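Counting convention: from 1, in listed order, for ligands and their atoms alike. Heavy-atom basis, side chains included; hydrogens, waters and symmetry copies ignored. Protein chains get the first letters and strands the later ones, always in sequence-line order, with residue 1 at the start of each.
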2 protein chains.
Amino acid sequence: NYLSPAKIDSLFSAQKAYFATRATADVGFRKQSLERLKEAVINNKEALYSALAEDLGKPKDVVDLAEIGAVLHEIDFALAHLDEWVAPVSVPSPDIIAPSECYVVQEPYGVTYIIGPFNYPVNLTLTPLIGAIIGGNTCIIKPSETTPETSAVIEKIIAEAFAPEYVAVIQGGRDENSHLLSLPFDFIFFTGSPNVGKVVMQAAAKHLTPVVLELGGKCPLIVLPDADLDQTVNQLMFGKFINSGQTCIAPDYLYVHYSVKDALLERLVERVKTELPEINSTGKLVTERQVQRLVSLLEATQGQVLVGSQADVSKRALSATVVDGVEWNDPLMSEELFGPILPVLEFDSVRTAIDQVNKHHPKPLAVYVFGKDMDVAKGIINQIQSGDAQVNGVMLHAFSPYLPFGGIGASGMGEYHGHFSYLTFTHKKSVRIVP
Amino acid sequence: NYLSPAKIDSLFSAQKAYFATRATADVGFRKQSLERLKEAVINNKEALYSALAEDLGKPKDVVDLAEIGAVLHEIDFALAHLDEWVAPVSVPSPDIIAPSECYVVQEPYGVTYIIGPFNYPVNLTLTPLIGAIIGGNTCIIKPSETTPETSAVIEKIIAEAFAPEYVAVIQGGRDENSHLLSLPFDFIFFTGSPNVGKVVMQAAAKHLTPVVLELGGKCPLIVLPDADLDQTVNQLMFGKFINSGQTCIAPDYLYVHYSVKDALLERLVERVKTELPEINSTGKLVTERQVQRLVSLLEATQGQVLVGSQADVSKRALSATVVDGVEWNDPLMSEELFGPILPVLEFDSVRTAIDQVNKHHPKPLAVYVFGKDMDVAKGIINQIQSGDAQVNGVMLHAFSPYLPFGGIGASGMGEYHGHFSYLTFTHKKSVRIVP
Ligand SMILES: NC(=O)c1ccc[n+]([C@@H]2O[C@H](COP(=O)([O-])OP(=O)(O)OC[C@H]3O[C@@H](n4cnc5c(N)ncnc54)[C@H](OP(=O)(O)O)[C@@H]3O)[C@@H](O)[C@H]2O)c1
Ligand SMILES: NC(=O)c1ccc[n+]([C@@H]2O[C@H](COP(=O)([O-])OP(=O)(O)OC[C@H]3O[C@@H](n4cnc5c(N)ncnc54)[C@H](OP(=O)(O)O)[C@@H]3O)[C@@H](O)[C@H]2O)c1
């Protein structure tokens, strides 16, 4: 079924050899590589629709926004900017080292490893791949085995665009991953849970391999007394229930000022009941196990269910759920939920709200603050370390090529997208020229 | 002697609490912190001169250039620019997320850890510290154990400038280091050997701690036919034998075209036997145990000694030595020498020279090329991965704040100096504001 370790070693060796050919050095090569990836993605749209529907119940419109469209936009943006990015940057020379001409080169790493997660398998495998490509690297991709249909199409896309010595997909489970992690890769890009990130970095240490880790945690959505409540409910609906809550930058929990909680939940519960009435309205959880995990949490919570909490394990379905009266103590606040459940906590003092986030779940991937006072909103953001942040918005910062997407501490290290992907998949090389 | 684990934990805990105060937020505080650092260094030069002469036999002018002057120049560069650096950067917003306003914030990591090497203990502890400071972090510094005198002065300099809740020195050995590496630091800066880099990274993995590793390797100095032999010998004399060859960016070995090898070696050997005649002309090796290691290598060499070889383990000294007729097989081409020995190898064409360096000792911290054909010299540099590179010069690239300094692969991960220190000691936080 999966490649044997021998064939994996052999595939790895052919990429090492291919890189040493310096085939990837010129920008003309890198640009046509992007054109071939783009073309291969477009050729396989319909297969991606079916694969993502089967694996995760993703609607076609979502796939076009968050999966296919996200990648194609990054590709087009990279193509229009690559000539600028690969150009040597000349710097001044101080007098102590004069006379000399100095400049900075962004130099490729070599053979790279991309580990793909289940939840947005196209976005989070192929967008970093763009990084590897424009940086002048080769790449081995291991998509998630828990989304088998889309992993197969990803392999088909890559096989169709590229020779395996340049870019290859290796499907596999635990055993194939630990084997690949033991190889002397030159760069490793991982997207997944904090505990597996620890495993990836530990393996990376043994070969001194630099890593980027895009991890998780619990993103708060904080609602100030002066927030536009319809706007807030809209973003909650979008952010919390897209892909059954299986999003790294999804609002994990709601942190609302006591004085607008009743009015907020009234709007929210009504819209959930109206727009998400079916048990599989949000999509599918990736595995039956995940549904059972979430059901146990619901069975253990001290909060009050306002809507939902209906589950069909065999369907991999859990209805959109809102749970009121939750404390930091609650089972729903122990771990990242990654499910269509929204626990609701209350605050009065903004200073205390800040402290509570920092104390219980610090450094999330994103902090969301909803309100009309920008000083108060920005002030909250500036006092909560997080990967990224938004005021009166959700998720869409990850779809901008101008913004460095990445976490801090337990939510990760390193950033990418746009120019930042290029800088992430190269190292800075100083050059000093003496006459 | 050394602080107990209980007080180390107690010291670490206080920096966490102090960072949480947001004391380090405003740029004014950071600028004053550098001023206090600068004055503390200046007010202690004499003690540094003595300590460094005692530990390593460093001449006053070497200390003025590569130690005291190096961090003073960085401090002044940082002070002159920091106001511009800390200002949030507004970025474009694509139409897909309109309407919104977006910007990037460079946000401090928190409590950082700086491990100092023996060979340049002032430069490679205080220059990273500058980054820690201007990043808005706190810092715990552990200087090398093997240079008692200077480490003691560093502690004095740091205590003079800073309260221990902000920046603190903790002297110690392997046991103190492994205990510090077990604490939940928010960032670790390491300078040292590759094998210890693995230890540091493996420990950082357990807390998802981002690292920068400034490591080792064997920097080649490659000599083309039309090179200036006078220039070449001057730079070798300067680069190879400064601090007894205990320099990370020193030319470890000489790699010279066959047609000029004899002429170059006549010029080089004559200069060595006259300018470096005594057993301790180059200075002191760090330990007696090091001397013994170097001598043993000379015993096993298949190459012909041309000068020096004489050594005195008792006074931590070894004579400037040039070894001719060396192949990659040789016991002198196995490890990083880090001593007063210059092995000399030879090649028949540029093509073979490039391929042999990449084959036997790839990714060194620096590649040096001497010749007057720039297209050829650059051509070599472009085909050998390395942290940094020079044509017709050595070492001085590390003394320009406009140049990022750092390795690749075995020579390390990450860069610093100048603006790059600010960027390394912070993370990029995207912020999107929706009306
Ligand atoms: N910052 C971001 O960009 C981002 C994006 C999406 C998700 N996330 C985070 O990812 C997590 C959820 O996604 P996930 O369930 O796919 O994370 P995951 O469990 O860490 O899996 C990620 C990848 O690593 C493999 N894997 C899982 N457990 C492993 C283990 N003990 N040892 C070795 N490999 C292992 C997986 O293989 P298989 O799946 O094939 O078994 C998968 O390919 C959440 O924490 C989320 O916040 C972050
Ligand atoms: N890229 C750069 O910035 C740069 C510049 C110059 C030199 N270097 C590198 O520095 C290296 C040599 O210096 P060094 O001997 O001081 O490096 P080192 O042996 O790796 O030690 C560096 C630090 O780690 C501690 N340490 C050493 N060995 C250890 C072990 N086995 N376990 C745990 N901790 C350990 C040391 O404490 P104690 O020393 O107090 O015992 C010291 O503070 C060379 O490889 C050179 O290439 C790098």
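- For ligand 1, the atoms sitting less than 4.0 Å from at least one non-hydrogen atom of A/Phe405 are 3 (O), numbered in the order shown with element in parentheses.
- Between the side chains of B/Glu145 and B/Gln171, no donor-acceptor pair of N or O atoms lies under 3.5 Å.
- With ring centers used as reference points, B/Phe399 lies 6.0 Å or more from B/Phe405.
- For atom 31 (N) of ligand 2, the nearest protein heavy atom (residue, atom name, distance) is B/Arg174 NH1, 3.0 Å.
- Residue contacts with ligand 2 leave out B/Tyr120, since none of its heavy atoms falls under 4.0 Å from the ligand.
- Counting only N and O atoms by type, the side chains of B/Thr150 and B/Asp55 include a donor and acceptor under 3.5 Å apart.
- Contacts of B/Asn119 with ligand 2, taken as heavy-atom pairs under 4.0 Å, involve the side chain alone.
- Taking all heavy atoms of A/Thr127, A/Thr191, A/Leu213, A/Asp388 into account, the minimum distance to atom 22 (C) of ligand 1 is reached by A/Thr191.
- Within the 4.5 Å cutoff, side-chain heavy atoms of B/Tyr416 are placed close to those of B/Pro128.
- Within the set B/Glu214, B/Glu336, B/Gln171, B/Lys142, the minimum heavy-atom distance to atom 45 (O) of ligand 2 is found for B/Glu336.
- Distances below 4.0 Å separate heavy atoms of B/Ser193 from the following atoms of ligand 2: 11 (C), 17 (O), 18 (P), 19 (O), 20 (O), 45 (O).
- Considering backbone and side-chain N/O of B/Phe118, one or more are found under 3.5 Å from N/O of ligand 2.
- Remark: the B/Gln385 side chain and the A/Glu107 side chain contain no N/O donor-acceptor pair separated by less than 3.5 Å.
- Contact atoms of ligand 1 toward A/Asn177: 33 (C), 34 (N) (distance under 4.0 Å to a heavy atom of the residue).
- Using a 4.5 Å heavy-atom cutoff, the side chains of A/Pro121 and A/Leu52 are in contact.
- Counting the atoms of ligand 1 from 1 in the order shown, those under 4.0 Å from a heavy atom of A/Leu124 are 5 (C), 6 (C).
- Side-chain contact annotation: B/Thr247 with B/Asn243, donor-acceptor N/O pair under 3.5 Å absent.
- The closest non-hydrogen atom to atom 11 (C) of ligand 2, taken over B/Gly406, B/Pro148, B/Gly192, B/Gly217, comes from B/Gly192.
- Proximity of a side-chain donor or acceptor of A/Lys240 to a complementary backbone N or O of A/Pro340 within less than 3.5 Å is not detected.
- If you number the atoms of ligand 1 from 1 as listed, the ones under 4.0 Å from a heavy atom of A/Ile115 come out as 23 (C), 24 (O), 43 (O).
- The part of A/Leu365 lying near ligand 1 is the side chain, judged by heavy-atom distances below 4.0 Å.
- Between A/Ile114, A/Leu181, A/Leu215, A/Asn123, it is A/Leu215 that holds the heavy atom closest to atom 1 (N) of ligand 1.
- Residues A/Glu336 and A/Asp252 form a side-chain contact, since some pair of their non-hydrogen atoms from C-beta on lies under 4.5 Å apart.
- Close contacts between ligand 1 and A/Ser144 involve ligand atoms 38 (P), 39 (O), 40 (O) [criterion: under 4.0 Å to a heavy atom].
- A side-chain donor from one of A/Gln290 and A/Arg293 sits under 3.5 Å from a side-chain acceptor of the other.
- A cation-pi contact links A/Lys58 to A/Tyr120, judged by a cut-off of 6.0 Å to the six-membered ring centre and 45° from its axis.
- When A/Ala398, A/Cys248, A/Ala410 are checked for heavy-atom proximity to atom 4 (C) of ligand 1, A/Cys248 turns out nearest.
- Heavy atoms of A/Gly116 come nearer than 4.0 angstrom to ligand 1 in at least one pair.
- Each of A/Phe185, A/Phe190, A/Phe189 was evaluated against A/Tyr113; a single residue qualifies, A/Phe185, per the ring pair (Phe, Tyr, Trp, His ring centres under 6.0 Å) test.
- The nearest heavy-atom contact from the protein to atom 35 (C) of ligand 1 is A/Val196 CG1, 3.5 Å.
- At the shortest separation from atom 24 (O) of ligand 1 among protein heavy atoms lies A/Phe190 CE1, 3.5 Å.
- Every atom of ligand 1 is numbered from 1 in the order shown, and the set under 4.0 Å from a heavy atom of A/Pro117 is 16 (O).
- The contact set between ligand 1 and A/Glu145, taken as ligand atoms under 4.0 Å from a residue heavy atom, comprises 38 (P), 40 (O), 41 (O).
- Atoms of ligand 1 found under 4.0 Å from any heavy atom of A/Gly216 (numbered from 1 in listed order, with element): 47 (O).
- The one candidate from B/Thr127, B/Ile130, B/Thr424 that meets the side-chain contact (heavy atoms from CB on, under 4.5 Å) condition with B/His417 is B/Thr127.
- Not one N or O on the side chain of B/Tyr2 forms a donor-acceptor pair closer than 3.5 Å with the backbone of B/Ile170.
- Protein heavy atom at the shortest distance from atom 46 (C) of ligand 2 is B/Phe338 CE1, 3.5 Å.
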